[PDB]
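Asker: Below is a structure I'd like to ask you about.
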Amino acid sequence: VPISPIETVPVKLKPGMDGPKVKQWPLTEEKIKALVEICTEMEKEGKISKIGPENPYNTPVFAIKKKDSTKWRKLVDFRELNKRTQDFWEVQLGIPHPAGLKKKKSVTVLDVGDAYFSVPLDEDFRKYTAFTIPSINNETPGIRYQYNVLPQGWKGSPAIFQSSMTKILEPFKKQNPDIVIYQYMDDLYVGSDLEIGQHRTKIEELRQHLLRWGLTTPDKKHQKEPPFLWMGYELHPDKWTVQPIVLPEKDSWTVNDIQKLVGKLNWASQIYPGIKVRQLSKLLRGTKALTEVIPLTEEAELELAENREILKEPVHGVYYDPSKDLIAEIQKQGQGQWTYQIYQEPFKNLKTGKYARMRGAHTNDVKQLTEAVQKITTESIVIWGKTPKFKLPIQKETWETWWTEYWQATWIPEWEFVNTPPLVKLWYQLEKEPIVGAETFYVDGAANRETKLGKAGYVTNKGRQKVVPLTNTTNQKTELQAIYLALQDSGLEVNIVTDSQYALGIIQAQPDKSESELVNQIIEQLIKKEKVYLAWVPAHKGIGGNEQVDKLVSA
Amino acid sequence: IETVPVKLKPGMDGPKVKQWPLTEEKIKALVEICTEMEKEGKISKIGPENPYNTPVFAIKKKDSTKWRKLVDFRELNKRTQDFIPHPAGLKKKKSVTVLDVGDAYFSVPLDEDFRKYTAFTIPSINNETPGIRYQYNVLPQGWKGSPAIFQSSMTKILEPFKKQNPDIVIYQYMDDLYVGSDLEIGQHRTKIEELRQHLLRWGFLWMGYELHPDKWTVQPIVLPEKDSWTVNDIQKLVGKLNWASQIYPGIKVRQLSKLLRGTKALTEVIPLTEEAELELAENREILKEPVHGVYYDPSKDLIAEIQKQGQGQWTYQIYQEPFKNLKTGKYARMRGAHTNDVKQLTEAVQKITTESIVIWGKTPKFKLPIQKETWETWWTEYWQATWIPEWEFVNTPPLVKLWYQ
Ligand SMILES: CC(C)c1c(CC2CCCCC2)n(COCc2ccccc2)c(=O)n(O)c1=O
Ligand SMILES: [Mg+2]
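Residue numbers (the deposited numbering), protein chains in the order written: chain A, 0 to 554; chain B, 5 to 87, 94 to 213, 227 to 428.
And the structure:
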């Protein structure tokens, strides 16, 4: 029964570069013995071919003893040819997430081992795969070979393999749409909602269809039985999870303990609800030396104990049903940390996740919530191809007040209020117009660039004044300090006039928490207030009030 | 049937740009469309040997209930070789209609060395399939080289119509044909449809979009006309004039800030002295004159800033040097977006880009009052133009907001 040839993929080298010429290493006598037995065999199978003296290219080959197998194993060091081979559109640039799959009655694995070496290699490229087997005692010309199929460990072998496998599977998929197929590495995952009888026939239908191209399947009922272990996951007929997550419990935690606790709890946060890593990941910021031990803060150990109790029991996620709605629900956890669960039916998570605020001096709860939504939205387009409905801990009037007043454009898709505290709220809100009958504070500050000495104070329309002297301060601190004093010494309604474009920029950004010790005190003051109108005037134009207090603080 | 020798810029390689995720409805539409395009030879499937990629997505027109494929050829455009002195009369016109003559491109085939650079990918939901890859065989809608190559092959189609109408200006930009005539709409509509059966004689070619360059938003900067001035009014005024002094020369604010002498309540009324009103009037006269020595340099980038003014209002300024505005404007007619900020900003970006094509024949780079992550998540849902401009993001509230309204 004739087989079909698999169309070869024209490969070339990166333009400007030539093929590889690195030297062949000296091998032991037994290693040379083994490579001859393997390569003689592989030549019979058509996978490689002897070549003459013309081909000047050389890739080195080693021999690695297996752990308990007395069958040697060959290994070509293709690292040099990979630096020279062209770039491919790697069709594995994304792997599926278990939460997006559609529950299938039966799922079979098919292992495509020798399929890798069933795939031809472009004739004009085979010249670069050449390698020498050094002869006994270096007394003959080391026999020369070149590959005729996709070699193990070559840059383009995964791409060319999956594109050829895809080309072959498309007719099968078309002529029976009741079967879905996924391909990764050496494995085929094949499933359907068919009566388990019809399913196996269609498996056989696929296995014969594969031999149409001379491809060999595992005939046996294969040993891989649920759970499938795949890319760190555990997949069951009705649920998935991650391969077990158990924490190293130590007293001395090094720096290569923390960076790898980073990679794990992030990995675990996709299904384990409520994982936090702010204070813990905040430990790494400084040094790259890979041996240092650090004391955690009393907020990084108290956070890690809130982790372990999440991780005592196994947790599982549900598979996706396209006819029920998709829902995402966010909870604030404090310290710029947020968690979300994605589900379709209550208490049956498809997946979970966390969001940490980006690094910045000043921040805001509403902006963080908005940022988290965009992350979940993009994540949901990937996995499910649609945006979930959001349940957010923020009231419809808070959000309406925010986005209609905020200076940036901003938007959330379809969402509704969920009353699970702590709630996101607007802690203060500035006036649009000057307040009638409210005392008007003209503030100013100034510092001496040399001595770091400066003053900060105010003057009002009711004759009230203050000037305060400061040490080790800048112009920007005094301008903030002056506004702080006006907030301190005023009633529940106040008009502030300032010339600090810097101060106005911070406060018009509406922060509710800051890394600046001084900005936080101002926020705390604004919270106590009822109405605050902040007004700006240009400096050094002699604006009264501003001119008077500028002279008092520059003195 | 013969191709044109196309090549990139020296030292630059083709685009390797990640495809961003698409919704199910858009994946479905791109599949249906790209299948019909494949049967017609306009595009062919490719393999892994092609490492280049340019993003693709789908849009819906203003009223065309049928999707359209939009390829984001922005990266390939930056890397395609430079190949018409822009008609400065098109802006003085009274009515301009824009047509998508993009289908015309699909009849000229493309240089076969260059086709590998036009690679794009239809992605699958959750990566459960590998992406369907194609490369273009004909000229692609959106690529810079399409109108350049085709304009030799396009001048000939319309010169019988140009012979019949020397009044009518016709300008081509990307897949769009801007047609202008200074006459009533009844003549226009049939003249535009007459321009189609003249285009249908050879080869969504049916839609119409109507602009009016003469009656457009072009603005000055204005000071209020009040009878009783509070301290706050005069303070805001001195701020506006102080900012306008970076733009215009003879601006004075001394007699006006003289009134602010003292520490009065913000809501207290200050009668204006006469020196002050002399100063305010002379500044008012100055601001009606144009900005001095302000010119367009085609070698430089056009920059557009947009401010959100509230109540569906948006101000914008186009310029190349700071404080040298080539054009300013305001928008309050944002269509069907009364509760969506990002839809308004998206519609405003297109209107400003459209006005920029008419005036200068190229598109500006925007500075958008929005956070990177919010815009990049949503702008494709409301994008209806077949071209795409460049943009960056401003994260600090500019004080210029109420200077412009
Ligand atoms: C056929 C496949 C697309 C699929 C799988 C296979 C996965 C294996 C790991 C990589 C990603 C694909 N799974 C997971 O198997 C669970 C299972 C279901 C039924 C019987 C036995 C095992 C799915 O769950 N669905 O729905 C599925 O549809
Ligand atoms: Mg000062």
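Ideal Cβ positions, reconstructed from N, Cα and C, are used throughout, including at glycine.
(1) Output the distance between the C-alpha atoms of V417(A) and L391(A), rounded to the nearest integer angstrom.
(2) Tell me whether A538(A), by its Cβ, gets closer than 6 Å to a heavy atom of ligand 2.
(3) Do we get a CB-CB distance below 7 Å when we pair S48(B) with the residues of chain A?
(4) Should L234(A) be counted as a contact of ligand 1 given a C-beta to heavy atom distance under 6 Å?
(5) For the beta strand (DSSP E) that contains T397(A), what are its first and last residues?
(6) Check whether chain A comes within 7 Å of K331(B), counting only Cβ atoms and requiring the distance to be less than that.
(7) How many Å lie between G456(A) and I270(B) at the Cα?
(8) Go through its chain and collect everything with a Cβ distance to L469(A)'s Cβ below 8 Å, but skip five positions before and after it.
(9) Below 8 Å on the Cβ atoms is my contact criterion, and I expect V276(A) with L264(A) to pass it. Report the Cβ-Cβ distance as a whole number of Å.
(10) Quick one: measure Cβ to Cβ for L422(B) and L503(A), integer angstroms, because I've assumed they're closer than 8 Å.
(11) Counting C-beta neighbours from all protein chains within 10 Å, is the total for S251(B) 16 or more, i.e. buried, or is it exposed?
(12) Within the continuous alpha helix (DSSP H) that includes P1(A), where are the two ends?
(13) Residues of chain B with CB closer than 8 Å to the CB of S499(A), please, in chain order.
(14) Does any residue of chain B bring its CB to less than 7 Å from the CB of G541(A)?
(15) Kindly say whether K287(B), judged by its beta-carbon, lies nearer than 7 Å to any beta-carbon of chain A.
(16) So, with DSSP's three-state summary, where would you put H361(A)?
(17) State buried or exposed for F130(B), treating a residue as buried only when at least 16 other CB atoms are found within 10 Å of its CB.
(18) Between which two residues does the alpha helix (DSSP H) carrying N348(A) extend?
(19) Just list the residues that DSSP pairs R72(B) with in beta bridges.
(20) Could you give the distance in angstroms between the alpha-carbon of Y183(A) and the alpha-carbon of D218(A)?
(21) Using a cut-off of 7 Å between C-beta atoms, extract the partners of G51(B) located in chain A.
(22) From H96(B) to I180(B), what distance separates their C-alpha atoms?
(23) When Cβ atoms are compared, which residues of the segment 520-537 of chain A fall closer than 7 Å to chain B?
(24) Do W383(A) and ligand 1 come close, with the Cβ less than 6 Å from some heavy atom?
(25) What are the residues in the segment 436-461 of chain A lying within 7 Å of chain B by C-beta distance?
(26) Thinking C-beta only, is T377(A) closer than 7 Å to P412(A)?
(27) Opposite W414(B) in the DSSP bridges: which residues?
(28) In the DSSP assignment, find the beta strand (DSSP E) that holds residue 226(B) and state where it starts and stops.
(29) Which chain A residues sit within Cβ distance under 7 Å of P392(B)?
(30) Starting from the Cα of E430(A), find the closest Cα among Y532(A), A371(A), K353(A) and give me that residue.
(31) Could you tell me whether the Cβ of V106(B) comes closer than 7 Å to any Cβ of chain A?
(32) If the criterion is Cβ atoms closer than 7 Å, does the pair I31(B) and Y144(B) meet it?
(33) Our contact map puts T351(B) next to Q340(B) with C-beta atoms below 8 Å; I'd like the distance itself, whole angstroms only.
(34) Checking contacts by CB at 7 Å: is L368(B) closer than that to chain A?
(35) Quick one: list the residues of chain A neighbouring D364(B), beta-carbon separation under 7 Å, in chain order.
(36) Provide the residue(s) that pair with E233(A) in DSSP beta bridges, ordered along the chain.
Answerer: Quick look at the numbers:
(1) 6 Å
(2) Yes, the Cβ of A538(A) comes within 6 Å of a heavy atom of ligand 2.
(3) no
(4) yes
(5) Not the beta strand (DSSP E): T397(A) falls in the alpha helix (DSSP H), residues 395-404.
(6) yes
(7) 33 Å
(8) So the qualifying residues of the chain are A446, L452, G453, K454, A455, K476, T477, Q480.
(9) 6 Å
(10) 7 Å
(11) exposed
(12) Segment: none, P1(A) is in no alpha helix (DSSP H) and carries neither H nor E.
(13) Neighbours of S499(A) on chain B: none; closest Cβ ~11 Å, over 8 Å.
(14) yes
(15) For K287(B), the answer is yes, since a Cβ of chain A falls inside 7 Å of its Cβ.
(16) strand
(17) buried
(18) According to the DSSP assignment, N348(A) belongs to no alpha helix (DSSP H) but to the beta strand (DSSP E) extending over 347-355.
(19) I63(B)
(20) The straight-line gap from Cα to Cα measures roughly 19 Å.
(21) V8, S162
(22) 11 Å
(23) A534, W535, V536, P537
(24) Not so, every heavy atom of ligand 1 lies at least 6 Å from the Cβ.
(25) Cβ contacts with chain B: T439, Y441, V458, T459, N460.
(26) Result no, Cβ atoms of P412(A) and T377(A) do not sit closer than 7 Å.
(27) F389(B)
(28) Gap note for chain B: numbering proceeds from 213 to 227 with nothing in between, so residue 226(B) has no coordinates.
(29) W406, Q407, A408
(30) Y532(A)
(31) no
(32) Not closer than 7 Å, so no.
(33) 5 Å
(34) Cβ-Cβ to chain A under 7 Å: yes for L368(B).
(35) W402, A408, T409, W410
(36) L228(A), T240(A)
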